[PDB]
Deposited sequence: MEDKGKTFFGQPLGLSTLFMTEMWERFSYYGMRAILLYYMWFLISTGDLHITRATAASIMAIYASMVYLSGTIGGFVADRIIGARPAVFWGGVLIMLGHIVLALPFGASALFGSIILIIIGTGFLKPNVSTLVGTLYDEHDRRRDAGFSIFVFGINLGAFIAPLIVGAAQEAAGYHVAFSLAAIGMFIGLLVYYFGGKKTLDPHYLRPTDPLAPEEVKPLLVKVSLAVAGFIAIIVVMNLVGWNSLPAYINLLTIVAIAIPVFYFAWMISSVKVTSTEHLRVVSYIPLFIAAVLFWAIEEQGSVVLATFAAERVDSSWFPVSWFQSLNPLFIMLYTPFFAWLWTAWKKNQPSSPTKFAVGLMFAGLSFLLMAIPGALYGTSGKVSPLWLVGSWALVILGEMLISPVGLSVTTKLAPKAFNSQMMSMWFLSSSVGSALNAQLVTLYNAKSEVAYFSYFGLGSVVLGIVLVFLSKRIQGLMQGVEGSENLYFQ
C-alpha cells in the first residue's frame, strides 16, 4: 500500500504543500487588484507603479527568507516544528488581511508570510527526502510527485480565491487563503505524527556550546547595521516607500554580489566560479520575466483583455497549468533523448530566449491594434506557454549546473530573489503608453543575452 509507489508519508507532505501553495498563490492572484482597490478608495496613498513594485519585492523577500529557513531548522528548532510554526505564521498573515482593516494591515501581513514561508518552504522539501533511505531509487519519482502537488495547489487557488473575491469580496477571499493554510496544518500535524520520523522534531545539527555566542554576535551586528542604515535614510530624507523598496532591492542584489567577490578573491577552481556568472545572469533574467507574470501580465490582463465574463485573476492559473502539462512531456523527452542531448548551459541559453520570446509576443497586439482597446485572452495564453517552456529548460537543470560551495549552492535559489528584486525596479516602467516599448525592449534584450550564452556555452561546459 503506497502513494503512487511512494511511502504513505508522502501523501501528508503532498497535502501540506498543496494547501500552502494554495494559500500563497490564491493571495497573490488578488493582492495586486486589492491594492488597486485601496488606492481607488483613497485608503492607500501610493501609485499603481508603486503597488506593482511592492508585489515584486514581496516575492523577492519571500525567496530570500527561504534560503535561511533551512539553517534555522537544522541548527536551532528542527524541521518539523519549522514547518508547523511556519504554517501558523502564514495563516496569521492571511488572517490579518481577512480582518475588517485596510491598507494599515498590508505590512503586518507581508512580514508574517515572508517569515512563515521562510520557515515552511525549504523544510517541507527537506522532510520529503527523509522519507527515503540513502540510495532509494524512488527518490526522484517521489520529489516529482511532491512538485505536482505544489503546482496543483497553485492552479486551483486563483480559480477558487478569484471566484470568492468576485462573489463575496476581498476579505472573504483572503480568509479562504487562510482556511487553505489551516487545512494544510491539520493534515500536516495529525498526519506527521503517524508517518514522520520523530528525529526531525529536534535540530539535526544543533549548535555546539561554543557556537552560540559568535552566532548571536553575527545576527546582532546585521540587525544593528540594518537599523543604522534605516536611521540615516530618515535623517537625510530618504524615507518614502520607494526608498525602502530601493533599500531591499540593494540588499537582495548585494548578497550575491558579495558572494561572487568573496569566491573570486579566495586557480582551476576559480575559472568555474567566474564561469558561473553568465549562467547566474541568465537565471536572474529568466526569473525576472517569469515573476512578472503575477505583476505586469496581471496588469495587462486587468486592463487590456476582454475578460468581462470571468475573474481576471484566473489568468494566474495558466502558469502552473502549463507546468503540469509540459512536465510529463519533458520527463519522457530527456530520457528518450539519449544520443545528443543539449548541455546544461545551452538549456539556460535557450530557456532565456523563450522567456524573451514570451515578451516579444506581447508586443505585437499593441503595435498592431493600438494600446487603447482590448485584445483576446489568447495573447496571454501564448505568452505563458512560451515562458513556461523556458522554465522546463532552465529550472530542472539549475541546481544541477551550479553544483559542478554551500553559499554557491544557495545562489541558485537566490537568482529567483534577485530577478524579483530587479522586477521591483523594472515593473514601475510599465503602463499603457510604454507597453509596446516595455515588451519589445526587455524581450529582445533577453533573447540576445540568450544568443550570447549559446556562444559561450562550450567553454563553460568543459569547466
(message) Tell me which segments of the deposited chain sequence are not represented by C-alpha atoms in this structure.
(response) 1-5, 272-275, 414-419, 479-491
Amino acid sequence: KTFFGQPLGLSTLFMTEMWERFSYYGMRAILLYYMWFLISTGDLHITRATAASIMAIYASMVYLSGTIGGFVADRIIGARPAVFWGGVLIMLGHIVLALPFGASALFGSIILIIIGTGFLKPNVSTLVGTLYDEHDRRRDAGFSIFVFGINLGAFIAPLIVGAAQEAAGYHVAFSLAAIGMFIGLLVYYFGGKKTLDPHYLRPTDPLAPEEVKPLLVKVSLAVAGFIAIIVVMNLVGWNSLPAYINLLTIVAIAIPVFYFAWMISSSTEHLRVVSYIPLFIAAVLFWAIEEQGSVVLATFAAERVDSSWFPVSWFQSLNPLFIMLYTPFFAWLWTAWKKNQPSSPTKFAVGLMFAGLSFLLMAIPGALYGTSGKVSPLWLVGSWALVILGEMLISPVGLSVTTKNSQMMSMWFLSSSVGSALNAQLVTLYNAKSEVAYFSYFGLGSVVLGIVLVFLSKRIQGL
From here on, numbers count along this sequence of modelled residues.
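In this text, rigid core is short for the largest set of C-alphas that superpose within 1.5 Å between two forms.
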(message) So, in 9 other deposited structures of this protein, taking the root mean square over structures and residues of the Cα distances after a rigid core fit: is 423-431 or 410-418 the more displaced stretch?
(response) 410-418
(message) For a rigid core alignment of each structure in 9 other deposited structures of this protein onto the shown form, which stretch has the higher root mean square Cα deviation: 275-283 or 70-78?
(response) 275-283
(request) Would you mind checking whether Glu134 is unresolved in the model of at least a third of the other PDB entries compared? (result) no
(request) Look at the other compared PDB entries that model both sides of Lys404, then say whether a third or more of them leave it out. (result) yes
(message) Please compare 133-141 with 318-326 and name the stretch with the higher mean C-alpha B-factor in the deposited structure.
(response) 133-141
(request) Read off the CA B-factors in the entry, average them over 275-283 and over 211-219, and name the higher stretch. (result) 275-283
(request) Determine which member of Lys374, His171, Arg75, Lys121 has the highest CA B-factor, using the values in the deposited entry. (result) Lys374
(request) Can you pull the Cα B-factors for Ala331, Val147, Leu92, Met181 from the entry and say which is highest? (result) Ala331
(request) Would you check the entry's CA temperature factor for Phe258 and let me know if it's in the chain's lowest, middle or highest third? (result) highest
(message) For the chain shown, is the CA B-factor of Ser104 in the lowest, middle or highest third of its modelled residues?
(response) highest
(message) Per the entry's values, where does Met35 land by CA temperature factor relative to the rest of its chain, in the lowest, middle or highest third?
(response) lowest
(request) Report the third (lowest, middle or highest) to which the CA temperature factor of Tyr188 belongs, ranking only the modelled residues of the same chain. (result) middle
(request) Looking at the entry's B-factor column for C-alpha atoms only, identify whether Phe455 ranks in the lowest, middle or highest third of its chain. (result) highest
